[PDB]
């Protein structure tokens, strides 16, 4: 059958990304991944609101999988008996059978092994899609992540120059729909099944209660701020499986941006704000020039500041007064 070398990957939780090569001299391999589904009640904000989450590998988003063009991605999807619902997986990077969804439906207690050839480069969403109304419900419950398919020569700028990142982060954005009771408090539920009727009613009204990165308000702040140093080129992969987003690095730019997320297209340069279409992943790289704190947001600022969609970067290095300076500090008007 398929006679290529096998390579296992140990996935790591977002926003971090498992170790990988950008450019590689390896030829095609069968790259082996395991995703174990976990349904669990989680806390999504600083007020203690709870949420019936459904996850790949315990996280929102599911972890970033990284391969190269022409690799074969062999995923063991596991649905333990401790879960209540069937689940599957649709890879937007894959060709056929509803992205794999038609070949991966598993009941609690089952697993399945799907292989797909990575013929399309870029960052792509993966998500659960059991069928019918279950599709949006599983997705907005957290069951989505992304996979990055790099060219074997690494990234380029479309003008012949290599673009090498010093680090990569994966920001998965999640629209969440938590119903409220009559007096206006968020509801808690004993199971995903019990949450479904109220949650679907809200979903159909198309206004989320929360829009978060990495599964919670504030997830990518404080101890868990993203980091960089002045001089480092950082790739930020952003996904949104269900709803549009408009990423922006406050105090920075997107030096090279693939907003549609596909490396067969040259990046755009020098963006302020870019656009992640719901159902996609995109990527932006930026070389930090200034130390200090940055915020990384969706630039619907209501969503960013009030519904949860803000991350921070803490950046080390030397301030550049040529690029920016406070000529006169705040003072009384003359």
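Residue numbers count along the first chain shown, from 1.
Chemist: Identify the stretch, either 26 to 34 or 294 to 302, whose C-alpha atoms have the larger mean B-factor according to the entry.
Modeler: The entry gives the higher C-alpha B-factor average to 26 to 34.
Chemist: Higher mean Cα B-factor in the deposited model: 303 to 311 or 66 to 74?
Modeler: Higher mean C-alpha B-factor: 66 to 74.
Chemist: From 193, 122, 215, 254, can you pick the one with the highest C-alpha B factor in the entry?
Modeler: By C-alpha B-factor in the record, 193 ranks first.
Chemist: Choose from 142, 80, 172, 101 the residue with the greatest Cα B-factor as stated in the PDB record.
Modeler: The C-alpha B-factor peaks, among 142, 80, 172, 101, at 80.
Chemist: For residue 163, does the deposited CA B-factor place it in the lowest, middle or highest third of the chain?
Modeler: Its C-alpha B-factor belongs to the highest third of this chain's values.
Chemist: Please rank the C-alpha B-factors of the chain's modelled residues and tell me whether residue 116 sits in the lowest, middle or highest third.
Modeler: It falls in the middle third of the chain.
Chemist: Looking at the entry's B-factor column for C-alpha atoms only, identify whether residue 242 ranks in the lowest, middle or highest third of its chain.
Modeler: For residue 242, the deposited C-alpha B-factor lands in the lowest third.
Chemist: Just say lowest, middle or highest third for the CA B-factor of residue 199 relative to the other modelled residues in its chain.
Modeler: Highest third, going by the recorded CA B-factors of the chain.
Chemist: Going by the recorded CA B-factors, say which third of the chain residue 263 sits in, lowest, middle or highest.
Modeler: Ranked within chain, residue 263 CA B lands in the middle tercile.
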